[PDB]
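One structure is given below, encoded as structure tokens.
First the proteins, then the strands, lettered A, B, ... as listed; each starts at 1. Start at 1 and go down the list; that is how both ligands and their atoms are numbered.
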2 protein chains.
Amino acid sequence: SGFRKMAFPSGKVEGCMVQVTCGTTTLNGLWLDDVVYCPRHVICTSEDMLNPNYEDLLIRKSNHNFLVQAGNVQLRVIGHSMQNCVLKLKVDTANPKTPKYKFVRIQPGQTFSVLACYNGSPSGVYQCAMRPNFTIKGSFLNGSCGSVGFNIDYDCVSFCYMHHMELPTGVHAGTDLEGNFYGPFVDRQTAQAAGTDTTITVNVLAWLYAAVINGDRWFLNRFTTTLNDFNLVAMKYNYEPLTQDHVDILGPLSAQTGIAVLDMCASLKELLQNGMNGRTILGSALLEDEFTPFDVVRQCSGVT
Amino acid sequence: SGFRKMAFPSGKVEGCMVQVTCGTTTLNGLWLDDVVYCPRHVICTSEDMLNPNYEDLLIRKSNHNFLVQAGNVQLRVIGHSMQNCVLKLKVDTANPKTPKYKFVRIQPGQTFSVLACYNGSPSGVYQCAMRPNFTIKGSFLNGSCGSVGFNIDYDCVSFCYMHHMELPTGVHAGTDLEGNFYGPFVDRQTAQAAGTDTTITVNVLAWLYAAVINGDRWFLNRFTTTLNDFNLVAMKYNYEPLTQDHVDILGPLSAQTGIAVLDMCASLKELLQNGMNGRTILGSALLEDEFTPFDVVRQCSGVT
Ligand SMILES: CCNCc1cn(C)nn1
Ligand SMILES: CCNCc1cn(C)nn1
């Protein structure tokens, strides 16, 4: 019993982190096979960052300018290329600790683990969600860029995020491992404001199911609703619309608990309209939206 | 910027987890050097668990009854002993992945990371606090026993917890790595009720400092207080008394923010008396008490 915000075990990713230095900028790289992946803004002077031309900046760079250190050993860079907003540094040594891996681009509402690193050294691991506005609410200090987000399917690491940017509002922006930003963000020190940070409704419902499974049931009411009626209330509270696809995904939790998804929607509707009245659910005073239905099933079933 | 409930990178501990089987019971062991540490209740039939005599049960056990598997390879058990509530299985092979390590017994209010494991395989990592009533609020299913709690100081893993028990109220009890239970709990399926789960005041204050550092300042007020005045209010709200030792420990956060500890106590006093009025602090609607002052300094400074 019990339900925690749980990250994937980080060891397989710890084995991939290296330090990348270009001039006076040090950040983190991801070493998979004989390629080190890092944010292309490693080549920028904080001045450059105001209006950088990456293709022009890169003409001034040679392989030997990219200093890559794996623990206390230097890697030899034998080539470099820019793909979207990431650099790919080809090194002469395959990472011997390379796990089975994939690069995936996640959807808003999907969760992942972040291994926060500084100077290629892991500092901690925490669980994130891609927000509906394509920001993440991370914990990143200067030097943390190139830290990565991932999911693990048994022995295969799916890398989904690389950290690039903090917005003036202290939320985070980054790329998939093909170097494509999530959302409208760019690797430039400019006015970038996030859109509405809506609540990931299907994740809240998942977490309410987690609550029932773990004996927190005070919020269960006598009501039901419809997708359309629920969605009118969701919209009013800046919740993401619930689709039949979401209902289908919650089916297994529905089955396990015997609470119809639309009944749980009617519980959530009353929580939105009435608040928590100073009560908690799974030790939270707000409705948690950074567990997916898959997360709740995984944690409630003990997958390794 | 940003502040997350962050666990230590788990890789050094992942390298230590093994499966221990005695008859039909499989749980987790910790393999350090040529010793596997596991809960002694591995020898119990769920029946045994009602009133177990461990010394008598152990007379019926031989080395060859303890099946220890590290990944898909069997370890040879060449001796076993009981220390308090843990078994020490001596194996013929030193764990080649043994990190620098210590066994420490933590105090209530101290935080640590848990690597939740099943069949010797890591499932996730999360951050816990030893509660003032010597329970922890974990995420543990059947098979999770022998999962461990730890802190990391650069390259040295301090092991502080091994998971043994779920209480009827779904909170968790376990031992240090010398096999001594935290609190009054025993490895018997009997009436064990936890005492008052008080709030770890010094940790709340630490987290309020974390909030100010990260730009959440709405709760800062014009007031101060005294340790004695604050403690009268703390007692009323089932908060742990604040000592001068706690004030001393918060000194560095005081210095960094220029908010005197007693001023922050007066902010916390108003939050207790007035509530949050539907506002959040670092994305929480309740006062978080599972960050130590050391945690806040570490995360706010980016220690690896
Ligand atoms: C535009 C990316 N090509 C740069 C380069 C040059 N060399 C020798 N290796 N990589
Ligand atoms: C009471 C603990 N001693 C048990 C034992 C017996 N052998 C051969 N190895 N360990």
Could you tell me if the side chain of B:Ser147 sits less than 4.5 Å from the side chain of B:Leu27, heavy atoms only? no
Does atom 1 (C) of ligand 2 have a protein non-hydrogen atom under 4.0 Å from it?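 It does not; no protein heavy atom is within 4.0 Å.
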Distance flag for atom 4 (C) of ligand 1, protein heavy atom under 4.0 Å: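 It does: a protein heavy atom is found less than 4.0 Å away from atom 4 (C) of ligand 1.
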Of B:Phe140, B:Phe185, B:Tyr37, the one forming a ring pair (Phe, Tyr, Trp, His ring centres under 6.0 Å) with B:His163 is B:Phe140
My understanding is that only one of A:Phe150, A:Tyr161, A:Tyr182 makes a ring pair (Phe, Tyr, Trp, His ring centres under 6.0 Å) with A:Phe112; could you say which?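 Exactly one option meets the ring pair (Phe, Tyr, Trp, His ring centres under 6.0 Å) with A:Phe112, and it is A:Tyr161.
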Within-shell test, B:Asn63 vs ligand 2, heavy atom, strictly < 4.0 Å: yes
Heavy-atom nearest neighbour in the protein, as seen from atom 6 (C) of ligand 2, with distance rounded to 0.1 Å: B:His80 CE1, 4.1 Å
Pairing residues for B:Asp48 by the salt bridge (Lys or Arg N to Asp or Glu O under 4.0 Å) criterion, not counting sequence neighbours: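 With sequence neighbours excluded, B:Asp48 shows a salt bridge (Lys or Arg N to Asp or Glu O under 4.0 Å) to no residue whatsoever.
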Under the salt bridge (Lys or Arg N to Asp or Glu O under 4.0 Å) rule, collect the residues that match up with A:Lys12, sequence neighbours excluded. none
Evaluate B:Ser81 for polar contact with ligand 2, using N/O atom pairs at a separation under 3.5 Å.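 It does not: no N or O of B:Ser81 is found under 3.5 Å from an N or O of ligand 2.
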